[PDB]
Each structure stands twice: as C-alpha cells, then as structure tokens.
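Text of data11.cif, listed as mmCIF, N, CA and C atoms and all ligand atoms:
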```cif
data_query
loop_
_atom_site.label_atom_id
_atom_site.label_comp_id
_atom_site.auth_asym_id
_atom_site.auth_seq_id
_atom_site.Cartn_x
_atom_site.Cartn_y
_atom_site.Cartn_z
N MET A 240 99.38 118.48 139.54
CA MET A 240 100.86 118.64 139.49
C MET A 240 101.49 117.66 138.50
N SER A 241 101.94 118.19 137.37
CA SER A 241 102.56 117.37 136.33
C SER A 241 103.94 116.89 136.78
N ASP A 242 104.07 115.58 136.95
CA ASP A 242 105.34 114.99 137.37
C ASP A 242 106.42 115.20 136.31
N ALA A 243 106.13 114.77 135.09
CA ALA A 243 107.08 114.91 133.99
C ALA A 243 108.37 114.14 134.27
N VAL A 244 108.36 112.85 133.96
CA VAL A 244 109.52 112.00 134.18
C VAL A 244 110.27 111.73 132.87
N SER A 245 110.49 112.79 132.10
CA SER A 245 111.20 112.67 130.83
C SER A 245 111.51 114.05 130.25
N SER A 246 110.46 114.79 129.91
CA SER A 246 110.62 116.13 129.34
C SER A 246 110.61 117.19 130.44
N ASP A 247 111.79 117.67 130.80
CA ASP A 247 111.92 118.69 131.83
C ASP A 247 113.29 119.35 131.78
N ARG A 248 114.34 118.54 131.89
CA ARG A 248 115.70 119.05 131.86
C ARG A 248 116.62 118.08 131.13
N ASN A 249 117.86 118.50 130.90
CA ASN A 249 118.84 117.67 130.21
C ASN A 249 119.44 116.64 131.16
N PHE A 250 120.29 115.77 130.61
CA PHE A 250 120.94 114.72 131.40
C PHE A 250 119.91 113.84 132.11
N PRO A 251 119.20 112.99 131.35
CA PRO A 251 118.18 112.10 131.90
C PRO A 251 118.72 111.22 133.02
N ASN A 252 119.86 110.58 132.77
CA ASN A 252 120.48 109.70 133.75
C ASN A 252 121.97 109.53 133.46
N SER A 253 122.27 108.87 132.35
CA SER A 253 123.66 108.64 131.95
C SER A 253 123.73 107.91 130.62
N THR A 254 123.19 106.69 130.58
CA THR A 254 123.19 105.89 129.36
C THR A 254 122.43 106.60 128.24
N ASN A 255 121.29 107.19 128.58
CA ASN A 255 120.47 107.89 127.61
C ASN A 255 121.26 109.02 126.94
N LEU A 256 121.77 108.76 125.75
CA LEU A 256 122.54 109.75 125.00
C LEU A 256 121.61 110.72 124.28
N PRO A 257 122.11 111.92 123.92
CA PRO A 257 121.31 112.93 123.22
C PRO A 257 120.68 112.40 121.94
N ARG A 258 121.53 111.97 121.00
CA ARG A 258 121.05 111.43 119.73
C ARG A 258 122.20 110.81 118.95
N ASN A 259 123.19 111.62 118.59
CA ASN A 259 124.34 111.15 117.84
C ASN A 259 123.91 110.52 116.51
N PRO A 260 123.54 111.36 115.52
CA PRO A 260 123.10 110.88 114.20
C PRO A 260 124.13 109.95 113.55
N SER A 261 125.34 110.46 113.36
CA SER A 261 126.42 109.68 112.75
C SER A 261 127.12 108.83 113.80
N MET A 262 126.38 107.87 114.36
CA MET A 262 126.89 106.97 115.38
C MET A 262 125.91 105.82 115.58
N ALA A 263 124.65 106.17 115.79
CA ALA A 263 123.60 105.19 115.98
C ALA A 263 122.31 105.56 115.23
N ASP A 264 122.45 106.26 114.09
CA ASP A 264 121.28 106.66 113.31
C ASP A 264 121.53 106.45 111.81
N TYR A 265 122.52 107.16 111.28
CA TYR A 265 122.85 107.05 109.86
C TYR A 265 123.42 105.67 109.53
N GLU A 266 124.52 105.32 110.18
CA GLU A 266 125.17 104.04 109.96
C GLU A 266 124.38 102.89 110.57
N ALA A 267 123.70 103.14 111.68
CA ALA A 267 122.92 102.10 112.33
C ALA A 267 121.73 101.66 111.47
N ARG A 268 120.94 102.63 111.02
CA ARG A 268 119.78 102.34 110.19
C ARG A 268 120.20 101.62 108.92
N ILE A 269 121.10 102.26 108.18
CA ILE A 269 121.63 101.70 106.94
C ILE A 269 122.17 100.29 107.15
N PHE A 270 122.88 100.09 108.26
CA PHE A 270 123.43 98.79 108.60
C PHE A 270 122.32 97.75 108.64
N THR A 271 121.11 98.16 109.03
CA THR A 271 119.99 97.24 109.07
C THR A 271 119.46 96.99 107.66
N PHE A 272 119.54 98.00 106.77
CA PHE A 272 119.06 97.81 105.41
C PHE A 272 120.05 96.96 104.62
N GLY A 273 121.28 97.46 104.52
CA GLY A 273 122.34 96.76 103.81
C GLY A 273 122.92 97.60 102.69
N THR A 274 124.06 97.16 102.15
CA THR A 274 124.71 97.86 101.04
C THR A 274 123.75 98.07 99.86
N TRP A 275 122.79 97.14 99.71
CA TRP A 275 121.79 97.19 98.65
C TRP A 275 121.10 98.56 98.60
N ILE A 276 120.51 98.90 97.45
CA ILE A 276 119.85 100.18 97.26
C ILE A 276 118.74 100.04 96.22
N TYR A 277 117.93 101.08 96.02
CA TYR A 277 116.83 101.02 95.07
C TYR A 277 116.48 102.39 94.50
N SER A 278 116.29 103.37 95.39
CA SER A 278 115.95 104.73 94.97
C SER A 278 116.81 105.77 95.69
N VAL A 279 116.48 106.08 96.95
CA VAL A 279 117.25 107.05 97.72
C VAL A 279 118.07 106.33 98.77
N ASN A 280 118.95 107.06 99.44
CA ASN A 280 119.76 106.46 100.48
C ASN A 280 118.84 105.95 101.58
N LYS A 281 118.97 104.66 101.90
CA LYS A 281 118.14 104.04 102.94
C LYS A 281 118.16 104.86 104.23
N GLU A 282 119.29 105.52 104.50
CA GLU A 282 119.42 106.38 105.68
C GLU A 282 118.35 107.46 105.66
N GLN A 283 118.16 108.09 104.50
CA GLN A 283 117.16 109.14 104.36
C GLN A 283 115.79 108.59 104.72
N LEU A 284 115.48 107.41 104.18
CA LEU A 284 114.22 106.75 104.47
C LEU A 284 114.07 106.52 105.97
N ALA A 285 115.15 106.07 106.60
CA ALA A 285 115.15 105.81 108.04
C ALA A 285 114.94 107.09 108.85
N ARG A 286 115.54 108.20 108.39
CA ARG A 286 115.43 109.48 109.07
C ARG A 286 113.96 109.86 109.25
N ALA A 287 113.17 109.65 108.21
CA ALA A 287 111.75 109.95 108.26
C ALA A 287 111.07 109.16 109.38
N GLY A 288 111.47 107.89 109.52
CA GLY A 288 110.91 107.04 110.55
C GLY A 288 110.78 105.60 110.09
N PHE A 289 111.87 105.05 109.56
CA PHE A 289 111.89 103.68 109.07
C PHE A 289 113.09 102.90 109.62
N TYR A 290 112.94 101.58 109.70
CA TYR A 290 114.01 100.71 110.21
C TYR A 290 113.87 99.30 109.63
N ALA A 291 114.96 98.78 109.05
CA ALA A 291 114.93 97.44 108.47
C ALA A 291 114.91 96.37 109.56
N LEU A 292 114.27 95.25 109.26
CA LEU A 292 114.16 94.14 110.22
C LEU A 292 115.15 93.02 109.90
N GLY A 293 116.34 93.38 109.43
CA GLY A 293 117.34 92.38 109.10
C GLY A 293 117.32 92.01 107.63
N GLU A 294 116.16 91.59 107.14
CA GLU A 294 116.01 91.21 105.74
C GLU A 294 116.04 92.44 104.84
N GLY A 295 116.67 92.29 103.68
CA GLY A 295 116.76 93.40 102.74
C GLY A 295 115.41 93.81 102.20
N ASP A 296 115.17 95.13 102.19
CA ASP A 296 113.92 95.75 101.70
C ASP A 296 112.81 95.77 102.77
N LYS A 297 112.55 94.63 103.41
CA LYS A 297 111.51 94.57 104.44
C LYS A 297 111.80 95.58 105.55
N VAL A 298 111.09 96.70 105.50
CA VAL A 298 111.25 97.77 106.48
C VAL A 298 109.89 98.26 106.98
N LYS A 299 109.82 98.58 108.27
CA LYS A 299 108.57 99.05 108.88
C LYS A 299 108.75 100.40 109.57
N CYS A 300 107.63 101.11 109.73
CA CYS A 300 107.62 102.43 110.37
C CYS A 300 107.74 102.31 111.88
N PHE A 301 108.24 103.36 112.52
CA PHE A 301 108.41 103.37 113.97
C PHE A 301 107.19 103.97 114.67
N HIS A 302 106.68 103.24 115.67
CA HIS A 302 105.52 103.67 116.46
C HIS A 302 104.22 103.63 115.66
N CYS A 303 104.10 104.48 114.65
CA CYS A 303 102.89 104.54 113.82
C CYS A 303 102.54 103.18 113.21
N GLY A 304 103.54 102.34 112.96
CA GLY A 304 103.28 101.03 112.40
C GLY A 304 103.21 101.04 110.88
N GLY A 305 102.62 99.99 110.31
CA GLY A 305 102.52 99.90 108.87
C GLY A 305 103.82 99.49 108.22
N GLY A 306 103.82 98.32 107.59
CA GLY A 306 105.03 97.84 106.94
C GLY A 306 105.11 98.25 105.49
N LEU A 307 106.34 98.50 105.02
CA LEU A 307 106.57 98.91 103.64
C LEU A 307 107.59 97.99 102.97
N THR A 308 107.29 97.59 101.74
CA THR A 308 108.17 96.71 100.98
C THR A 308 108.02 96.95 99.48
N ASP A 309 109.01 96.52 98.71
CA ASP A 309 108.98 96.70 97.26
C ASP A 309 108.89 98.18 96.91
N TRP A 310 109.89 98.94 97.33
CA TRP A 310 109.93 100.38 97.09
C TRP A 310 109.91 100.70 95.59
N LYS A 311 109.65 101.97 95.28
CA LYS A 311 109.60 102.43 93.90
C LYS A 311 110.96 103.03 93.51
N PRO A 312 111.37 102.94 92.22
CA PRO A 312 112.66 103.48 91.75
C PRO A 312 112.90 104.94 92.15
N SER A 313 111.83 105.72 92.28
CA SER A 313 111.96 107.13 92.66
C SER A 313 110.80 107.54 93.57
N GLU A 314 111.04 107.52 94.88
CA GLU A 314 110.00 107.90 95.84
C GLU A 314 110.62 108.35 97.16
N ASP A 315 109.87 109.18 97.89
CA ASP A 315 110.33 109.69 99.18
C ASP A 315 109.56 109.03 100.33
N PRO A 316 110.15 109.00 101.54
CA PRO A 316 109.51 108.39 102.71
C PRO A 316 108.35 109.22 103.25
N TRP A 317 108.51 110.54 103.22
CA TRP A 317 107.48 111.46 103.70
C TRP A 317 106.15 111.23 102.99
N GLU A 318 106.20 111.17 101.66
CA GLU A 318 105.00 110.98 100.86
C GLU A 318 104.44 109.56 101.00
N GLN A 319 105.33 108.57 101.05
CA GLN A 319 104.91 107.18 101.16
C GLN A 319 104.14 106.92 102.46
N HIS A 320 104.80 107.10 103.59
CA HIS A 320 104.18 106.86 104.89
C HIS A 320 102.93 107.72 105.08
N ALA A 321 103.06 109.02 104.83
CA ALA A 321 101.94 109.95 104.99
C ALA A 321 100.72 109.55 104.15
N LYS A 322 100.95 108.90 103.01
CA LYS A 322 99.85 108.50 102.13
C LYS A 322 99.18 107.21 102.62
N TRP A 323 99.98 106.19 102.91
CA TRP A 323 99.44 104.91 103.35
C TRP A 323 98.83 104.99 104.75
N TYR A 324 99.54 105.62 105.68
CA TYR A 324 99.06 105.75 107.05
C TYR A 324 99.72 106.94 107.76
N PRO A 325 99.18 108.16 107.59
CA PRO A 325 99.74 109.36 108.23
C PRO A 325 99.46 109.41 109.72
N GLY A 326 100.34 108.78 110.51
CA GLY A 326 100.16 108.77 111.95
C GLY A 326 101.47 108.70 112.72
N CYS A 327 102.53 109.31 112.18
CA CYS A 327 103.83 109.31 112.84
C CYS A 327 103.93 110.50 113.79
N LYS A 328 104.69 110.33 114.87
CA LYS A 328 104.85 111.39 115.87
C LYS A 328 105.59 112.60 115.30
N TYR A 329 106.87 112.42 115.00
CA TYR A 329 107.69 113.50 114.47
C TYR A 329 107.25 113.94 113.07
N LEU A 330 106.87 112.98 112.24
CA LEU A 330 106.45 113.28 110.87
C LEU A 330 105.28 114.26 110.84
N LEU A 331 104.25 113.98 111.64
CA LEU A 331 103.07 114.84 111.69
C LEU A 331 103.43 116.23 112.21
N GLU A 332 104.02 116.25 113.40
CA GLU A 332 104.42 117.50 114.05
C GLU A 332 105.42 118.32 113.23
N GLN A 333 106.22 117.65 112.38
CA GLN A 333 107.22 118.34 111.56
C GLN A 333 106.59 119.45 110.72
N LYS A 334 105.76 119.07 109.75
CA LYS A 334 105.10 120.05 108.87
C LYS A 334 103.61 120.21 109.21
N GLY A 335 103.25 119.95 110.47
CA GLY A 335 101.87 120.10 110.91
C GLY A 335 100.87 119.23 110.16
N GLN A 336 99.68 119.10 110.73
CA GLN A 336 98.62 118.31 110.12
C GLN A 336 98.28 118.84 108.72
N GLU A 337 98.45 120.15 108.51
CA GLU A 337 98.17 120.77 107.22
C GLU A 337 98.97 120.11 106.10
N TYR A 338 100.29 119.99 106.30
CA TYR A 338 101.14 119.38 105.28
C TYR A 338 100.77 117.91 105.06
N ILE A 339 100.58 117.18 106.15
CA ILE A 339 100.24 115.76 106.06
C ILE A 339 98.94 115.55 105.27
N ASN A 340 97.96 116.41 105.51
CA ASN A 340 96.68 116.32 104.82
C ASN A 340 96.83 116.64 103.34
N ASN A 341 97.60 117.69 103.04
CA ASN A 341 97.83 118.10 101.67
C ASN A 341 98.47 116.97 100.86
N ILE A 342 99.45 116.31 101.47
CA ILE A 342 100.14 115.21 100.81
C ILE A 342 99.17 114.09 100.47
N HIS A 343 98.29 113.76 101.41
CA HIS A 343 97.30 112.71 101.20
C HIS A 343 96.05 113.26 100.52
N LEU A 344 96.21 113.71 99.28
CA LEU A 344 95.09 114.27 98.52
C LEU A 344 95.46 114.42 97.05
N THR A 345 96.62 115.03 96.80
CA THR A 345 97.09 115.25 95.44
C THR A 345 98.60 115.09 95.35
N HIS A 346 99.13 115.07 94.13
CA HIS A 346 100.56 114.93 93.92
C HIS A 346 101.33 116.07 94.59
N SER A 347 102.52 115.75 95.09
CA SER A 347 103.36 116.74 95.75
C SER A 347 104.81 116.63 95.28
N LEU A 348 105.66 117.53 95.78
CA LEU A 348 107.08 117.55 95.42
C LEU A 348 107.28 117.76 93.91
N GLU A 349 108.53 117.86 93.49
CA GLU A 349 108.85 118.07 92.09
C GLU A 349 108.25 119.37 91.57
N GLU A 350 108.86 120.49 91.95
CA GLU A 350 108.38 121.80 91.53
C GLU A 350 109.54 122.70 91.13
N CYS A 351 109.27 123.66 90.25
CA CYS A 351 110.30 124.59 89.79
C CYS A 351 111.43 123.83 89.10
N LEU A 352 111.23 123.49 87.84
CA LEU A 352 112.24 122.77 87.07
C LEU A 352 112.31 123.29 85.63
N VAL A 353 112.64 124.58 85.50
CA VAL A 353 112.74 125.23 84.19
C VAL A 353 111.37 125.45 83.54
N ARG A 354 110.71 124.36 83.16
CA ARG A 354 109.39 124.46 82.53
C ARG A 354 108.74 123.08 82.42
N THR A 355 108.76 122.34 83.53
CA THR A 355 108.18 121.00 83.58
C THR A 355 108.73 120.09 82.48
N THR A 356 110.03 120.22 82.20
CA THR A 356 110.68 119.41 81.18
C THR A 356 110.01 119.60 79.82
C1 LIG B 1 105.03 102.00 94.97
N1 LIG B 1 104.89 102.13 96.42
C2 LIG B 1 105.35 100.89 97.06
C3 LIG B 1 106.31 101.23 98.19
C4 LIG B 1 104.15 100.13 97.61
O1 LIG B 1 103.11 100.74 97.87
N2 LIG B 1 104.23 98.81 97.80
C5 LIG B 1 103.07 98.06 98.31
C6 LIG B 1 103.38 97.56 99.72
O2 LIG B 1 104.56 97.31 100.02
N3 LIG B 1 102.37 97.42 100.60
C7 LIG B 1 100.96 97.68 100.32
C8 LIG B 1 100.20 97.86 101.63
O3 LIG B 1 98.85 97.35 101.53
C9 LIG B 1 97.90 98.33 101.97
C10 LIG B 1 98.14 99.09 103.13
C11 LIG B 1 97.20 100.04 103.55
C12 LIG B 1 96.02 100.24 102.82
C13 LIG B 1 95.79 99.48 101.66
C14 LIG B 1 96.73 98.53 101.24
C15 LIG B 1 101.02 97.08 102.64
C16 LIG B 1 102.43 96.99 102.03
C17 LIG B 1 102.97 95.58 102.16
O4 LIG B 1 102.94 94.80 101.21
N4 LIG B 1 103.47 95.20 103.34
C18 LIG B 1 104.02 93.85 103.58
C19 LIG B 1 102.85 92.90 103.97
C20 LIG B 1 103.32 91.63 104.70
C21 LIG B 1 104.13 91.96 105.94
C22 LIG B 1 105.14 93.05 105.76
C23 LIG B 1 106.15 93.19 106.73
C24 LIG B 1 107.12 94.19 106.60
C25 LIG B 1 107.08 95.07 105.51
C26 LIG B 1 106.07 94.95 104.54
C27 LIG B 1 105.09 93.93 104.66
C28 LIG B 1 102.75 96.88 97.36
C29 LIG B 1 103.74 96.84 96.20
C30 LIG B 1 102.80 95.55 98.11
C31 LIG B 1 101.34 97.07 96.80
ZN ZN B 2 104.92 106.13 110.07
#
```
Please render this file's structure as structure tokens.
Ligand SMILES: CN[C@@H](C)C(=O)N[C@H](C(=O)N1C[C@@H](Oc2ccccc2)C[C@H]1C(=O)N[C@@H]1CCCc2ccccc21)C(C)(C)C
Ligand SMILES: [Zn+2]
Amino acid sequence: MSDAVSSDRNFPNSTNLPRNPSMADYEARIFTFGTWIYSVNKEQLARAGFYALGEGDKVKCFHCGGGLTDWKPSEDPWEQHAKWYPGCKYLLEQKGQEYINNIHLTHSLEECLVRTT
C-alpha cells in the first residue's frame, strides 16, 4: 500500500505554495546572482536548475550537485550541466535520457540559420 505523502492531491497543507515563478523564482534566483551579467539572463540559467550562493558568478546545481563558475560569453545551462554531470531530476525527465545522452556526445543547438553564416 503506497502511502504517498506528497504526490496525490493538491493543497499539501498551507504554506507550501504551488510555484509562483514571478515571485520566488525569476526575481528570487536573479536576486541571488545580482545585476551583473555575462551571457544569458541568470534567471534562464536558474530555471534549468541553478542558484547563486551570494557571491557573484559562483553558482551550483540543485540536487544533482556540481558547481559551475567562470561562464562562457555564449552558452546555455542545459548543455553545460548535461555535459559536465547529467544527473538533474527535471532536466533529465524534461527531454528524456535520449536528449541528455545526445547532448553529451556532439555539438548541439544553433540550427537553421539561412546557410550557416
Ligand atoms: C566554458 N564552460 C565554463 C562554464 C567552464 O567549464 N568552467 C570550468 C568550471 O567552472 N569548472 C570545471 C569543473 O571541473 C571538472 C568537473 C567535472 C569533470 C572534470 C572537471 C568544475 C568547475 C569549477 O571550477 N567549479 C568550482 C570549483 C571550486 C568550488 C566551486 C564552488 C561553486 C562553483 C564552482 C566551483 C573551468 C573554467 C573552471 C574549467
Ligand atoms: Zn544539475
């Protein structure tokens, strides 16, 4: 008999809010990174599964672990994390193990651009 003390129905208790992206996700994550920037919006990076530890740039992955620093002028979080250590909960399940494996093998993204410049 599966008890299931989390995934079953809505309204867990009270404090546990649904999610609220533009309340404790977009502004919250970014607030941890700072006004500073480098490549993409830090929020986007956080959405994938990243969170700053107070200090600028020093950011680590959630659950899966693995710290990331000294980002590249043009790079995505999906490819970065998946390449160094593909073991995130939502990240893996998002595009299945197939996508994660494909990413960690050859170059990805950047397709359909007139004629490869
Ligand atoms: C252009 N891509 C950029 C984002 C990039 O890869 N940057 C690399 C990078 O940040 N790396 C390499 C990994 O080191 C390895 C991890 C796994 C396998 C092999 C090496 C580990 C990681 C790194 O330096 N992580 C540091 C180590 C000290 C503690 C700490 C705490 C919070 C955030 C980051 C870190 C370089 C610049 C340091 C090499
Ligand atoms: Zn991760």
- Item | Environment of ligand LIG 1 (chain B) within 5 Å, counting only N, CA and C atoms and all ligand atoms, reported as a list in words | residues 297, 298, 306, 307, 308, 309, 310 and 311 of chain A
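Distances from A:353, A:334, A:303, A:317 to ligand ZN 2 (chain B) were compared using only C-alpha atoms and all ligand atoms, and the smallest one belongs to A:303.
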Distance filter 8 Å around ligand ZN 2 (chain B), atoms: only N, CA and C atoms and all ligand atoms, out as a PDB file with N, CA and C atoms, in the coordinates of the input:
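Generated file (out27.pdb):
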```
ATOM      1  N   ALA A 287     113.170 109.650 108.210  1.00  0.00           N
ATOM      2  CA  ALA A 287     111.750 109.950 108.260  1.00  0.00           C
ATOM      3  C   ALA A 287     111.070 109.160 109.380  1.00  0.00           C
ATOM      4  N   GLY A 288     111.470 107.890 109.520  1.00  0.00           N
ATOM      5  CA  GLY A 288     110.910 107.040 110.550  1.00  0.00           C
ATOM      6  C   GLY A 288     110.780 105.600 110.090  1.00  0.00           C
ATOM      7  N   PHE A 289     111.870 105.050 109.560  1.00  0.00           N
ATOM      8  CA  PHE A 289     111.890 103.680 109.070  1.00  0.00           C
ATOM      9  C   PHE A 289     113.090 102.900 109.620  1.00  0.00           C
ATOM     10  N   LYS A 299     109.820  98.580 108.270  1.00  0.00           N
ATOM     11  CA  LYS A 299     108.570  99.050 108.880  1.00  0.00           C
ATOM     12  C   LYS A 299     108.750 100.400 109.570  1.00  0.00           C
ATOM     13  N   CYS A 300     107.630 101.110 109.730  1.00  0.00           N
ATOM     14  CA  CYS A 300     107.620 102.430 110.370  1.00  0.00           C
ATOM     15  C   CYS A 300     107.740 102.310 111.880  1.00  0.00           C
ATOM     16  N   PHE A 301     108.240 103.360 112.520  1.00  0.00           N
ATOM     17  CA  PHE A 301     108.410 103.370 113.970  1.00  0.00           C
ATOM     18  C   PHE A 301     107.190 103.970 114.670  1.00  0.00           C
ATOM     19  N   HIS A 302     106.680 103.240 115.670  1.00  0.00           N
ATOM     20  CA  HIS A 302     105.520 103.670 116.460  1.00  0.00           C
ATOM     21  C   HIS A 302     104.220 103.630 115.660  1.00  0.00           C
ATOM     22  N   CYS A 303     104.100 104.480 114.650  1.00  0.00           N
ATOM     23  CA  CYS A 303     102.890 104.540 113.820  1.00  0.00           C
ATOM     24  C   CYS A 303     102.540 103.180 113.210  1.00  0.00           C
ATOM     25  N   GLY A 304     103.540 102.340 112.960  1.00  0.00           N
ATOM     26  CA  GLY A 304     103.280 101.030 112.400  1.00  0.00           C
ATOM     27  C   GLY A 304     103.210 101.040 110.880  1.00  0.00           C
ATOM     28  N   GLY A 305     102.620  99.990 110.310  1.00  0.00           N
ATOM     29  CA  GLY A 305     102.520  99.900 108.870  1.00  0.00           C
ATOM     30  C   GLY A 305     103.820  99.490 108.220  1.00  0.00           C
ATOM     31  N   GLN A 319     105.330 108.570 101.050  1.00  0.00           N
ATOM     32  CA  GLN A 319     104.910 107.180 101.160  1.00  0.00           C
ATOM     33  C   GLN A 319     104.140 106.920 102.460  1.00  0.00           C
ATOM     34  N   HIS A 320     104.800 107.100 103.590  1.00  0.00           N
ATOM     35  CA  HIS A 320     104.180 106.860 104.890  1.00  0.00           C
ATOM     36  C   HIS A 320     102.930 107.720 105.080  1.00  0.00           C
ATOM     37  N   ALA A 321     103.060 109.020 104.830  1.00  0.00           N
ATOM     38  CA  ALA A 321     101.940 109.950 104.990  1.00  0.00           C
ATOM     39  C   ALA A 321     100.720 109.550 104.150  1.00  0.00           C
ATOM     40  N   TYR A 324      99.540 105.620 105.680  1.00  0.00           N
ATOM     41  CA  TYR A 324      99.060 105.750 107.050  1.00  0.00           C
ATOM     42  C   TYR A 324      99.720 106.940 107.760  1.00  0.00           C
ATOM     43  N   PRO A 325      99.180 108.160 107.590  1.00  0.00           N
ATOM     44  CA  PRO A 325      99.740 109.360 108.230  1.00  0.00           C
ATOM     45  C   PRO A 325      99.460 109.410 109.720  1.00  0.00           C
ATOM     46  N   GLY A 326     100.340 108.780 110.510  1.00  0.00           N
ATOM     47  CA  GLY A 326     100.160 108.770 111.950  1.00  0.00           C
ATOM     48  C   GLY A 326     101.470 108.700 112.720  1.00  0.00           C
ATOM     49  N   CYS A 327     102.530 109.310 112.180  1.00  0.00           N
ATOM     50  CA  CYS A 327     103.830 109.310 112.840  1.00  0.00           C
ATOM     51  C   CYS A 327     103.930 110.500 113.790  1.00  0.00           C
ATOM     52  N   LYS A 328     104.690 110.330 114.870  1.00  0.00           N
ATOM     53  CA  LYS A 328     104.850 111.390 115.870  1.00  0.00           C
ATOM     54  C   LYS A 328     105.590 112.600 115.300  1.00  0.00           C
ATOM     55  N   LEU A 330     106.870 112.980 112.240  1.00  0.00           N
ATOM     56  CA  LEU A 330     106.450 113.280 110.870  1.00  0.00           C
ATOM     57  C   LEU A 330     105.280 114.260 110.840  1.00  0.00           C
TER      58      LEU A 330
END
```
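The space separating atom C of residue A:312 from atom C of residue A:277 comes to 5.0 Å.
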- How would you write, as JSON, numbers by chain, the set of residues in chain A that DSSP gives as helix (DSSP H, G or I)? {"A": [260, 261, 262, 263, 265, 266, 267, 268, 269, 270, 271, 272, 281, 282, 283, 284, 285, 286, 287, 288, 316, 317, 318, 319, 320, 321, 322, 323, 328, 329, 330, 331, 332, 333, 335, 336, 337, 338, 339, 340, 341, 342]}
- Message: Residues within 6.5 Å of (118.7, 95.2, 110.5), file coordinates, counting all atoms listed in the file: what are they? Give the list as a PyMOL selection string.
- Response: chain A and resi 270-272+290-294
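When the distance limit is 6.5 Å and all atoms listed in the file are what count, the residues near residue A:279, minus those fewer than 4 positions from it on the same chain, are residues 283, 284, 312, 313 and 314 of chain A.
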Can I get the selected residues back with N, CA and C atoms, as a short mmCIF file (atom, residue, chain, number, x, y, z; two decimals), keeping the file's coordinate frame?
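Heads up, here's the output in part-v4.cif:
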```
data_model
loop_
_atom_site.label_atom_id
_atom_site.label_comp_id
_atom_site.auth_asym_id
_atom_site.auth_seq_id
_atom_site.Cartn_x
_atom_site.Cartn_y
_atom_site.Cartn_z
N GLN A 283 118.16 108.09 104.50
CA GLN A 283 117.16 109.14 104.36
C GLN A 283 115.79 108.59 104.72
N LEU A 284 115.48 107.41 104.18
CA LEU A 284 114.22 106.75 104.47
C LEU A 284 114.07 106.52 105.97
N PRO A 312 111.37 102.94 92.22
CA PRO A 312 112.66 103.48 91.75
C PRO A 312 112.90 104.94 92.15
N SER A 313 111.83 105.72 92.28
CA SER A 313 111.96 107.13 92.66
C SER A 313 110.80 107.54 93.57
N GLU A 314 111.04 107.52 94.88
CA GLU A 314 110.00 107.90 95.84
C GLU A 314 110.62 108.35 97.16
#
```
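Between residue A:295 and the residues A:269, A:315, A:282, A:332, the shortest atom-to-atom distance, using only C-alpha atoms, involves A:269.
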- Message: Using Å and a single decimal, report how far atom C of residue A:276 sits from atom N of residue A:322.
- Response: 21.0 Å
Could you give me the axis-aligned bounding box of stretch 258-275 of chain A, with 4 Å of padding per side, as centre plus edge lengths in Å to one decimal, as AutoDock Vina command-line options?
```
--center_x 123.1 --center_y 104.4 --center_z 109.8 --size_x 16.1 --size_y 23.2 --size_z 30.4
```
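The set of residues in chain A assigned to strand (DSSP E) by DSSP, using only backbone atoms of this structure, is residues 289, 290, 291, 298, 299, 300, 306 and 307 of chain A.
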Restore N, CA, C and O atoms in stretch 338-349 of chain A and list the result as an mmCIF file, in the frame of the given file.
```
data_model
loop_
_atom_site.group_PDB
_atom_site.id
_atom_site.type_symbol
_atom_site.label_atom_id
_atom_site.label_comp_id
_atom_site.auth_asym_id
_atom_site.auth_seq_id
_atom_site.Cartn_x
_atom_site.Cartn_y
_atom_site.Cartn_z
ATOM 1 N N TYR A 338 100.290 119.990 106.300
ATOM 2 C CA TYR A 338 101.140 119.380 105.280
ATOM 3 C C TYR A 338 100.770 117.910 105.060
ATOM 4 O O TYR A 338 100.683 117.453 103.922
ATOM 5 N N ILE A 339 100.580 117.180 106.150
ATOM 6 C CA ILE A 339 100.240 115.760 106.060
ATOM 7 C C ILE A 339 98.940 115.550 105.270
ATOM 8 O O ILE A 339 98.848 114.631 104.463
ATOM 9 N N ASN A 340 97.960 116.410 105.510
ATOM 10 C CA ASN A 340 96.680 116.320 104.820
ATOM 11 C C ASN A 340 96.830 116.640 103.340
ATOM 12 O O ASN A 340 96.275 115.955 102.482
ATOM 13 N N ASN A 341 97.600 117.690 103.040
ATOM 14 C CA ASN A 341 97.830 118.100 101.670
ATOM 15 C C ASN A 341 98.470 116.970 100.860
ATOM 16 O O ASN A 341 98.076 116.703 99.730
ATOM 17 N N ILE A 342 99.450 116.310 101.470
ATOM 18 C CA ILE A 342 100.140 115.210 100.810
ATOM 19 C C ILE A 342 99.170 114.090 100.470
ATOM 20 O O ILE A 342 99.223 113.526 99.372
ATOM 21 N N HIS A 343 98.290 113.760 101.410
ATOM 22 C CA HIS A 343 97.300 112.710 101.200
ATOM 23 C C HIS A 343 96.050 113.260 100.520
ATOM 24 O O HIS A 343 94.971 113.274 101.108
ATOM 25 N N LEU A 344 96.210 113.710 99.280
ATOM 26 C CA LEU A 344 95.090 114.270 98.520
ATOM 27 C C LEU A 344 95.460 114.420 97.050
ATOM 28 O O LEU A 344 94.723 113.998 96.165
ATOM 29 N N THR A 345 96.620 115.030 96.800
ATOM 30 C CA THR A 345 97.090 115.250 95.440
ATOM 31 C C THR A 345 98.600 115.090 95.350
ATOM 32 O O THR A 345 99.285 114.990 96.374
ATOM 33 N N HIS A 346 99.130 115.070 94.130
ATOM 34 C CA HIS A 346 100.560 114.930 93.920
ATOM 35 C C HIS A 346 101.330 116.070 94.590
ATOM 36 O O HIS A 346 100.848 117.198 94.652
ATOM 37 N N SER A 347 102.520 115.750 95.090
ATOM 38 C CA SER A 347 103.360 116.740 95.750
ATOM 39 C C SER A 347 104.810 116.630 95.280
ATOM 40 O O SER A 347 105.144 115.763 94.473
ATOM 41 N N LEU A 348 105.660 117.530 95.780
ATOM 42 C CA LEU A 348 107.080 117.550 95.420
ATOM 43 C C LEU A 348 107.280 117.760 93.910
ATOM 44 O O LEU A 348 106.314 117.829 93.146
ATOM 45 N N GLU A 349 108.530 117.860 93.490
ATOM 46 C CA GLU A 349 108.850 118.070 92.090
ATOM 47 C C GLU A 349 108.250 119.370 91.570
ATOM 48 O O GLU A 349 107.244 119.352 90.858
#
```
